[PDB]
Structures are given as structure tokens and as C-alpha cells.
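Right, one structure below, let's go through it.
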Amino acid sequence: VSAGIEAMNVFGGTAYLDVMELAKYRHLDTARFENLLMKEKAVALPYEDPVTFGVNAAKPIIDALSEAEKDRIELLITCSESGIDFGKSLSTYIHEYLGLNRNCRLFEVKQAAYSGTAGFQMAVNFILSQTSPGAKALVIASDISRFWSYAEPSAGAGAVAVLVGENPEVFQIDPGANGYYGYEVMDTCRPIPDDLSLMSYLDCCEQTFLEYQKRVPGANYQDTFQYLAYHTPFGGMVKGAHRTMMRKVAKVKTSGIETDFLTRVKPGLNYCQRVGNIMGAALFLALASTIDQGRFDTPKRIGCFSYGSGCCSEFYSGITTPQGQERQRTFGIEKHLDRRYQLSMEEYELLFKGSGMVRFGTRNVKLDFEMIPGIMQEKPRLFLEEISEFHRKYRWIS
Amino acid sequence: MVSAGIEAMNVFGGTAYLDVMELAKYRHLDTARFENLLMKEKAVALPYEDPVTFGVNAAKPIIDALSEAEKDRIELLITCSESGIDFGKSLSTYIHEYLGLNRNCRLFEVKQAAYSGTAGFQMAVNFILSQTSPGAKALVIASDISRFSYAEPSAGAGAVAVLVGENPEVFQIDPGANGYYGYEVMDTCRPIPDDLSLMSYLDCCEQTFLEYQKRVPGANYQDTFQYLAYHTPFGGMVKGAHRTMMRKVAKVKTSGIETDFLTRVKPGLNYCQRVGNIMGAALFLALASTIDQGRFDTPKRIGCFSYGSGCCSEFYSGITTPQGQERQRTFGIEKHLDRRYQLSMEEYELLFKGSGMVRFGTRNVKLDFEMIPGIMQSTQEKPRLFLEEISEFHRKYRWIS
């Protein structure tokens, strides 16, 4: 039996800001950013959260399904490092507002940015196991940033939602072609409620691939993969990481690398420039960007490398088809990103004062939707109305 | 096709416990609303313990009995908790290090109140079933501890660790006999760092079972299952839940229920009385207690019901064998529990002041292992892991004989 992504969609915020503009406004070093390949970062409003982001990313997928297909969704995993509770998973809320069927396992995975791939891989095994024939799974990776701080202009918000099933036109995985590698490392962690990392990212990038060769004999990092998606905090480092892979692993001459980069990796970097570091969903975004931006006149193989701080990592691969690229174009992802609202610095600064309001242990709060009066002509979208004795009230808005 | 299930399983039920009765007295609470709850002892995590500690100490005796080649086939480490130490860094990183597992391994944390355990387990079973890596294994470790009115004498600490593989003598699952039901409910949640629930538990208990009939035709809640393990915060409510299942679902006369309870459910309740509500691991504990305390002269079927607040739930089943009960006896779980240190109330009260030290956002702290002087040179067991210190958010653990 086959398994993989049947559909996939991105929600890249309601609002964003120009990252360069933000660097200047921080009276900051204009030059450390110049070729980190960053343009825009999505910003979650106070009336948004990981439930919001996941729902708004998943809905367009559910909407395009029949009622019989929606009812075969029996696994909802949300993957986050932006959780709202120690025990209550984001999946509960998300399950409600998508109106999924109650005959469904639901829960939250966590392992910094590896979360997304962990969920996805669990979902693929569900399919593969055939413990419930013809079922599907919805993995939704959702993360937002709330806040030395040269990290502020990169830190984004976003979610990608991945429908996994048995007829995957958009990314059919090569079952068992996996190189997972993990070890404890004093990497960047997230312990308060709201350098080493690069070494570790690259160790993982090499070791995952070697492990994949160990299981896929004949796998070659140049010819096997027509495109390559990486966990991409920001394009700059991925460019560096690809360069370092081509020398260290593929062992090819420095003269050819930029061409290899522009043909095989640059398409996956398109949407990440628009959103920022979206953590659990960074890789999925790169994969989506890759399927939208690249050329699939015939079926092509993409290699995906996932890295999560702490750390764990994995390198897997699958085949996307022309059918699959058609499917994915119907979500009009680019068009969605274009339409977001560009914050001004004075607006961004206001958002900063009111974002304290929604904090982690937040018990009660009512949210003003016209705090930035302009923001509120598309389909309905979910927003956080209020928190009451820790419970979260969301509302649809046209 | 291929088999999947628990090859081994072990419990760590704290280093220290207290007598729950004794605790009731010391709080001036009601000898009525209590004895009725089937609680005896609750495990208490010391400040120098945590979910990493608890998981490791639970997992070690399993790893130790494995050969080096079998240990190296462990390629999935999931830890299941609602007492996570970080928003991103999973407990599995630390646990993976101190078990010295092989780096060719996926590792991460699941979360969904007390459903976490079963979630992990089910993902692990599917890993095996999928055969995406033949002959591999998985280590699911559910670990939870309680920290700070009437919920204090029930709230325990503990972990169970489950080795999942292709030769599961101790609990071989009936593939596809599940089970699962979930919906959003304003149940009890855990949102600040440190009633409806019962309704929801019982709705789930009935619905999960009905869903299992839908997929397992001929499944009958009386004759199909020789024993029954439930997510058991405390024995009392499980007794109540079993009663309510036998009337509502199996539809049998009230006169015969207590006999059914004592033969099929009571063994699984043994160890839960010694530990308390251990959340993600409550069900696994009940299953382990069941496999230790019950009779398996021939292979028997056990039905397991998992519930997590919020909520999600599942009813699955599997076959344990006599071979499997042998395996599990070699971990001497009961004996382990007997050998814990009984806190006195005055000691318990000290533990309460110093447990603030290890809060959630804790950045730096050194831990005094002789804060309750007796505890360390009390037990003279194989070595056990303890939290030495936290330094710029990173955790240093130490083995102690």
C-alpha cells in the first residue's frame, strides 16, 4: 500500500512585517542581515494562536473534501513548541473547529522543530500499518513566536497542515527510506514560558543522509534527488548547509554548487522568505514551496531533511507528480501570502504591548479585534475571541 | 502478517511514598469520602527527581536485560508526559543519553493528558506493524509527577516503560481492534505552569467500546476479555466505572458485578493503590499490575481503556501469555515498591518547601541529596538516576548506588 501527502496547505499569518524595515527601526546592524535571504516575517496578532493558525491552514483542505473523505480522518496530530497547556493538546480545540469526526485519535508531539516530521512519520506508519484501511490522518504543524535579540527579525509564525492518506499525489514517500539520528545536545531550548545549533544542524544533515544510504543502497545526494527541502530557519543558513553538504558528502567541485543550489534548493526557499522561521513547520513550508515553485512535468524525487534542537533529525524522501502540483495550486498559497496585511512599525510596536495579554498561564482575557483597526475579502477565518478560566473561545470571521 | 506488542514493561513507582490514610488524618479530612476510594499509598517525587529520572529508572532494568544487539535495534523513543520541562526540548533527549541508546533513533514527546501513554504506544505499534524497519524496536516511556484541595492524597508520581517489538510475549495486540474516540471538552486542563471529568470518562468508556465492536464483530464486554485494565486515577472510580459498564453496556444483573469486578479488574488495581494517579502511565501500571497479579496458565485476553482529559480515549486489547508473565516477574515490580522509603508527615512537609526549588522555568539550582538525610543510604539497590543540578536551563543527572 502507498502512503503520503494527499494535500497540504500553508497559513502564513494574517499580518507580516518587512524584516529590513525592522532592522533599521531597532537602530541595528543593517549588514548582518544583508544575505541571510530574509524579506518578510509573519506576525501573530494577540487574537491569533496555534489553534487559529492550524485551523486556518487546515480548513481549505477539509473544505475541498467530500463528507465521506472527511469522516475517514482518524488521526489528528498537531506538532508544536508553542503549546498552551501541559496536558491539553492543541488537537482538541483544532478537532472541534474543523468539525472532524469523533472516531479519531488526537494528540500533540513535541521535539523543537523535529515535531512536524515526527507527526508526519507517525501518520505515514498509521497508513502503512493498515490497522484501519482507507483511513487518513491530518498532521498540522503550528508555531508562533512571542517575546541577544538579533533573533527578533527572523522569528515568524505559521502553520502547515498535511493530509496523509493512501492516494498521495503530492508527495508519496519511499517507505523505509529514512535516516533518523538523535542525541542530547545543549542546543537552543525553550524553558521559560515565552552557534552550537549550526554545528549540530550540519552534523545531523550529514549523519541523516549517511544513515539513509545505509538503508537505500545507490542513493546519491546529487542524482537521486531532483529537489531538496531543508528545515529552513532562514535561507542563508540553508544555502550554507547545502554548500557544506555538496563538498563534504557529495564531493563535487566548488564551481558547480551555485547552479545545483539554484536548480534544486532555491524553489523551496521561496515561501520561507515571506514568513520567517516557523519551526515545526519550516520543513513542510520548504516542501510546499518546492512543489509550487519547481517543475514537475514528470514525477520528481525530493529529499527532505528535518532538524530539531535538543536534538533529533531525519532525512526522508518521496515522489511528487504533476497531478500533485495541480492539487496544490488550487490552494493558491502564494496568492494567500500576497494578501496579508503589512504592519507598520508603530502598529508592530502596539501589537508588542498587547501581546503580553495572551501569555502562557493566561486565565481570563477578552480580545479587541479592532486594536489595529485596519486589519479586519476572503473566506472565513478563525480568531481567538477570549480566554475564560483557561478555556479558549474562538470565532469565525468573514 | 507480523506481530507487535509489549516485549517487556517495567514500573518505577518513586523513591519515596506516603501512607494516604496518615495524610488524611494530618489534613483533618473525612474517613467517609476516602476509604471508599481504594487508595493506600502515593509515590512522591523528591526535588532531586523528575520525569527524566523517573523514566530512566523505569527503563533501565529493561535495557540491562537486553543484549547489545537488541538494545541497538531500539529506533523509536517516545516519552509521554504532562509534566514536560521545556516547550521544545523533549524529555526523550535526556532519557536517550542516560540509557545510552543508539543515535540512529527517532525521539520526541507526546502529550494529551493521560491519553499520552496510549498514543505513544499506538504510534510504536504501527511502527512495528509498518515494517519500515524490520526487526526494530521502540521504547515508550510514560512519565508523570505531581507538584504544588481534596486531590492531594491521590496525586502520585511514576513511570512505566514499555519495550515494543515483533516478539511480544507479555502483551501481543490484536491489530486493528481499536477503540478510539475524541472530542473537545472543557475538562480539567493544566495551563498555569504547576465532575465533568467523570462524565466524559464514562461517555468515552462506553463509546470506545462500541467503536471496538463496530470493528471487532462478536466482541462482547463480558466473555471476550479475561481481565480489564482501565485508566485508573484511583481504584474507587474505576470500580464505579466498571459497574456502570456492566449495567449500561454488558447488561448483566447487579448481583453478579462484584464477582466480575474481583476476578477481572481487581488485579490491575493492585499497584495503583501503591502509587497513586500517575496520569500518562496509569493505564500501563494497571496493565502491569494485571499481568503480575492475575493468572496466565494459558494465554488470556485483556481489554485496556485509556482516557485523557480534553479529551481523547481508546479501547484496545491484546493477548498476554505464560512466557510473558515469567518475563515480567523477573523485574520484581512488587518487591521494588515494597523497598521504597516511607515519608513521615514532617518529612513530607519539608519536601513541600524545597519542591519550589525545581519549578518549571528553573534556570540554576544545585540539589541537596541529603535534605531528607535517610533516603539515600536507605535502599541499597542497583544504581538509580537523580537530578544533581540545573545550569542555564540544562540538566545534570548522576547515578547513585
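Naming works like this for the C-alpha cells: A, B, ... for the chains as they're shown, residue 1 at the start of each chain, ligands 1 onward in shown order.
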Practice problem: Pick out the chain A residues within 6 Å of chain B. Count only C-alpha atoms. Give them as JSON, numbers by chain. | Solution: {"A": [81, 85, 86, 87, 88, 89, 92, 93, 96, 102, 103, 104, 105, 107, 108, 109, 110, 111, 112, 122, 125, 126, 128, 129, 131, 176, 180, 181, 182, 183, 184, 189, 190, 191, 192, 310, 361]}
Quiz item: Neighbours of residue 296 of chain A within 10 Å (only C-alpha atoms; same-chain residues fewer than 3 positions away dropped), as a list in words?
Solution: residues 226, 291, 292, 293, 299, 300, 301, 320, 321, 322, 323, 324, 325 and 326 of chain A
Quiz prompt | Surrounding residues of segment 139-151 of chain B excluding itself and chain neighbours under 5 positions, 6 Å, only C-alpha atoms, as a ChimeraX atom specification | solution = /B:51,55,77-81,83,117,156-163,278,280-281
Quiz item: Residues at most 9 Å from residue 43 of chain A, counting only C-alpha atoms, excluding those fewer than 2 positions away in the same chain, as number ranges by chain?
Solution: A: 12-17, 41, 45, 144-145, 155-158, 275, 343, 348
Exercise. May I ask for the distance between atom CA of residue 318 of chain B and atom CA of residue 305 of chain B, given in Å to one decimal place?
Key: 11.8 Å
Quiz item: Can you tell me, as an NGL selection string, what residues are no more than 10 Å from residue 206 of chain A when counting only C-alpha atoms, ignoring any on the same chain fewer than 2 positions away?
Solution: :A and (179 or 181 or 201-204 or 208-212 or 241 or 244-245 or 248-249 or 305 or 315)
Output as a compact mmCIF listing (two decimals) with N, CA, C and O atoms, in the first residue's frame all residues of segment 22-210 of chain A that backbone DSSP marks as alpha helix (DSSP H).
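out23.txt was written with the following content:
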# COMPACT_ATOMS: atom_id res chain seq x y z
N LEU A 22 12.40 46.51 9.90
CA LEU A 22 12.51 46.23 11.34
C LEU A 22 13.94 46.34 11.87
O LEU A 22 14.15 46.86 12.95
N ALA A 23 14.90 45.83 11.11
CA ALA A 23 16.31 46.01 11.46
C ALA A 23 16.62 47.49 11.67
O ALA A 23 17.06 47.87 12.76
N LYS A 24 16.39 48.33 10.66
CA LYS A 24 16.59 49.78 10.82
C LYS A 24 15.94 50.29 12.11
O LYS A 24 16.63 50.82 12.97
N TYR A 25 14.63 50.08 12.28
CA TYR A 25 13.88 50.62 13.42
C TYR A 25 14.44 50.21 14.80
O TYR A 25 14.18 50.87 15.81
N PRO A 50 -1.79 29.18 18.11
CA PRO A 50 -1.54 27.95 17.33
C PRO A 50 -2.80 27.18 16.90
O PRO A 50 -2.80 26.51 15.87
N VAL A 51 -3.90 27.31 17.64
CA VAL A 51 -5.17 26.68 17.22
C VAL A 51 -5.64 27.37 15.94
O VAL A 51 -5.95 26.74 14.97
N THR A 52 -5.70 28.69 16.01
CA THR A 52 -6.08 29.60 14.92
C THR A 52 -5.30 29.28 13.70
O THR A 52 -5.86 29.07 12.63
N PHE A 53 -3.99 29.25 13.87
CA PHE A 53 -3.10 29.12 12.74
C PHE A 53 -3.34 27.76 12.08
O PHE A 53 -3.46 27.67 10.88
N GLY A 54 -3.42 26.70 12.90
CA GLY A 54 -3.66 25.33 12.42
C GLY A 54 -4.99 25.14 11.73
O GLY A 54 -5.08 24.51 10.67
N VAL A 55 -6.03 25.72 12.31
CA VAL A 55 -7.35 25.68 11.70
C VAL A 55 -7.36 26.38 10.34
O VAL A 55 -7.74 25.80 9.34
N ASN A 56 -6.91 27.62 10.31
CA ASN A 56 -6.90 28.39 9.08
C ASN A 56 -6.04 27.75 8.00
O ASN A 56 -6.28 27.96 6.81
N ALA A 57 -5.02 27.01 8.40
CA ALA A 57 -4.23 26.21 7.47
C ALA A 57 -4.95 24.94 7.04
O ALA A 57 -4.91 24.55 5.88
N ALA A 58 -5.64 24.29 7.96
CA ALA A 58 -6.31 23.02 7.61
C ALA A 58 -7.62 23.20 6.86
O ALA A 58 -8.01 22.33 6.10
N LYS A 59 -8.32 24.31 7.06
CA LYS A 59 -9.70 24.39 6.58
C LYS A 59 -9.82 24.19 5.08
O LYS A 59 -10.59 23.35 4.64
N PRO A 60 -9.03 24.93 4.28
CA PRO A 60 -9.12 24.82 2.84
C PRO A 60 -8.96 23.38 2.31
O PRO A 60 -9.45 23.07 1.20
N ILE A 61 -8.29 22.53 3.08
CA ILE A 61 -8.15 21.12 2.76
C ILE A 61 -9.43 20.39 3.07
O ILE A 61 -9.93 19.66 2.23
N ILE A 62 -9.97 20.60 4.27
CA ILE A 62 -11.22 19.91 4.69
C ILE A 62 -12.37 20.27 3.76
O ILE A 62 -13.08 19.38 3.27
N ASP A 63 -12.50 21.58 3.49
CA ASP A 63 -13.49 22.14 2.58
C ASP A 63 -13.50 21.48 1.21
O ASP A 63 -14.56 21.29 0.63
N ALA A 64 -12.35 21.14 0.68
CA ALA A 64 -12.32 20.55 -0.65
C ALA A 64 -12.62 19.04 -0.61
O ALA A 64 -12.79 18.43 -1.66
N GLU A 67 -17.78 14.49 2.22
CA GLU A 67 -18.13 14.26 3.61
C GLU A 67 -17.67 12.87 4.02
O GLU A 67 -17.39 12.63 5.17
N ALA A 68 -17.55 11.98 3.05
CA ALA A 68 -17.12 10.63 3.31
C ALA A 68 -15.61 10.58 3.50
O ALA A 68 -15.11 9.76 4.28
N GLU A 69 -14.88 11.45 2.79
CA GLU A 69 -13.44 11.53 2.93
C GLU A 69 -13.08 12.22 4.24
O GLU A 69 -12.16 11.81 4.91
N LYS A 70 -13.78 13.29 4.59
CA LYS A 70 -13.52 13.97 5.85
C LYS A 70 -13.71 13.01 7.02
O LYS A 70 -12.98 13.09 7.99
N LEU A 90 -3.27 21.07 21.73
CA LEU A 90 -3.88 21.87 20.66
C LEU A 90 -4.84 21.10 19.78
O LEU A 90 -5.73 21.72 19.24
N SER A 91 -4.63 19.79 19.57
CA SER A 91 -5.54 19.00 18.70
C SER A 91 -7.03 19.02 19.13
O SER A 91 -7.93 18.87 18.29
N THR A 92 -7.30 19.14 20.44
CA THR A 92 -8.66 19.13 20.93
C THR A 92 -9.44 20.31 20.33
O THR A 92 -10.46 20.14 19.65
N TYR A 93 -8.95 21.51 20.61
CA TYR A 93 -9.50 22.70 20.02
C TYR A 93 -9.58 22.56 18.49
O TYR A 93 -10.62 22.75 17.90
N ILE A 94 -8.50 22.21 17.83
CA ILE A 94 -8.50 22.13 16.36
C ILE A 94 -9.55 21.15 15.80
O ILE A 94 -10.14 21.37 14.74
N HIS A 95 -9.72 20.05 16.51
CA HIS A 95 -10.62 19.00 16.11
C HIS A 95 -12.05 19.50 16.09
O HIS A 95 -12.84 19.15 15.22
N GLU A 96 -12.37 20.30 17.11
CA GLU A 96 -13.67 20.94 17.27
C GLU A 96 -13.97 21.84 16.10
O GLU A 96 -15.01 21.70 15.47
N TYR A 97 -13.08 22.76 15.80
CA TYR A 97 -13.41 23.79 14.84
C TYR A 97 -13.30 23.37 13.39
O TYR A 97 -13.78 24.07 12.50
N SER A 115 9.29 18.21 15.46
CA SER A 115 7.92 17.83 15.78
C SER A 115 7.11 17.48 14.54
O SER A 115 6.46 16.42 14.49
N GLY A 116 7.15 18.38 13.55
CA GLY A 116 6.43 18.20 12.30
C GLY A 116 6.69 16.86 11.65
O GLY A 116 5.77 16.10 11.29
N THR A 117 7.96 16.55 11.49
CA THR A 117 8.36 15.32 10.83
C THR A 117 7.99 14.11 11.69
O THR A 117 7.58 13.07 11.17
N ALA A 118 8.13 14.23 13.00
CA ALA A 118 7.74 13.15 13.88
C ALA A 118 6.28 12.80 13.65
O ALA A 118 5.93 11.64 13.43
N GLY A 119 5.43 13.82 13.68
CA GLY A 119 4.00 13.62 13.48
C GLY A 119 3.76 12.98 12.14
O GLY A 119 3.03 12.01 12.04
N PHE A 120 4.41 13.52 11.12
CA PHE A 120 4.19 13.07 9.76
C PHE A 120 4.57 11.61 9.64
O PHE A 120 3.84 10.80 9.07
N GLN A 121 5.70 11.26 10.23
CA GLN A 121 6.17 9.91 10.17
C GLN A 121 5.26 8.97 10.94
O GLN A 121 5.05 7.85 10.52
N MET A 122 4.73 9.40 12.07
CA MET A 122 3.78 8.57 12.77
C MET A 122 2.54 8.37 11.88
O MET A 122 1.98 7.27 11.81
N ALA A 123 2.15 9.41 11.17
CA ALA A 123 0.98 9.36 10.34
C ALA A 123 1.19 8.43 9.16
O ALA A 123 0.30 7.66 8.79
N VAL A 124 2.37 8.48 8.58
CA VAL A 124 2.66 7.61 7.48
C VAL A 124 2.58 6.13 7.92
O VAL A 124 2.06 5.28 7.18
N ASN A 125 3.06 5.84 9.14
CA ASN A 125 3.06 4.47 9.66
C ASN A 125 1.68 3.99 9.98
O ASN A 125 1.40 2.80 9.93
N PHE A 126 0.82 4.93 10.31
CA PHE A 126 -0.55 4.58 10.54
C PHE A 126 -1.11 4.05 9.26
O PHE A 126 -1.60 2.91 9.22
N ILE A 127 -0.98 4.83 8.19
CA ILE A 127 -1.43 4.38 6.89
C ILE A 127 -0.78 3.03 6.61
O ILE A 127 -1.45 2.03 6.35
N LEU A 128 0.55 3.00 6.65
CA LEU A 128 1.26 1.82 6.20
C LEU A 128 0.84 0.56 6.93
O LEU A 128 0.71 -0.50 6.32
N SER A 129 0.58 0.70 8.23
CA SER A 129 0.18 -0.41 9.08
C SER A 129 -1.14 -1.04 8.66
O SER A 129 -1.41 -2.18 9.02
N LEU A 196 26.22 26.60 18.56
CA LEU A 196 26.11 25.15 18.73
C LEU A 196 25.05 24.55 17.80
O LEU A 196 25.18 23.41 17.33
N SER A 197 23.99 25.33 17.61
CA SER A 197 22.83 24.91 16.84
C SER A 197 23.22 24.61 15.41
O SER A 197 22.74 23.63 14.82
N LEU A 198 24.11 25.43 14.85
CA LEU A 198 24.52 25.23 13.47
C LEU A 198 25.39 23.99 13.33
O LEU A 198 25.21 23.19 12.42
N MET A 199 26.34 23.81 14.23
CA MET A 199 27.19 22.61 14.19
C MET A 199 26.32 21.36 14.17
O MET A 199 26.47 20.48 13.30
N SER A 200 25.41 21.34 15.14
CA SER A 200 24.50 20.25 15.37
C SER A 200 23.59 20.00 14.17
O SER A 200 23.27 18.86 13.85
N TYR A 201 23.17 21.09 13.52
CA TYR A 201 22.31 21.02 12.33
C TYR A 201 23.06 20.29 11.21
O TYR A 201 22.51 19.42 10.54
N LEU A 202 24.34 20.62 11.08
CA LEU A 202 25.15 20.11 9.99
C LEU A 202 25.66 18.70 10.25
O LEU A 202 25.80 17.92 9.31
N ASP A 203 25.94 18.38 11.52
CA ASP A 203 26.30 17.03 11.91
C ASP A 203 25.13 16.17 11.52
O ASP A 203 25.28 15.11 10.89
N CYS A 204 23.94 16.66 11.87
CA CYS A 204 22.70 15.89 11.64
C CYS A 204 22.44 15.72 10.15
O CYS A 204 22.06 14.62 9.70
N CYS A 205 22.68 16.79 9.40
CA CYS A 205 22.44 16.78 7.97
C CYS A 205 23.29 15.75 7.26
O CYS A 205 22.80 15.05 6.39
N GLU A 206 24.54 15.62 7.68
CA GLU A 206 25.43 14.59 7.14
C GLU A 206 25.05 13.17 7.62
O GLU A 206 24.93 12.27 6.81
N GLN A 207 24.85 13.01 8.92
CA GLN A 207 24.60 11.69 9.52
C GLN A 207 23.26 11.12 9.11
O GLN A 207 23.14 9.92 8.88
N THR A 208 22.24 11.98 8.99
CA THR A 208 20.95 11.52 8.50
C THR A 208 21.11 10.97 7.09
O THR A 208 20.64 9.90 6.79
N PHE A 209 21.84 11.68 6.24
CA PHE A 209 21.98 11.23 4.90
C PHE A 209 22.76 9.93 4.80
O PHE A 209 22.44 9.08 3.95
N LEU A 210 23.78 9.79 5.62
CA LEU A 210 24.58 8.57 5.59
C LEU A 210 23.70 7.40 6.01
O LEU A 210 23.72 6.33 5.40
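Taking atom CA of residue 322 of chain B as the reference point, atom CA of residue 5 of chain B is found at 15.2 Å.
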Practice problem: Give the strand (DSSP E or B) residues of segment 340-384 of chain B, as assigned by DSSP on the backbone, as a count of residues only. | Solution: 5
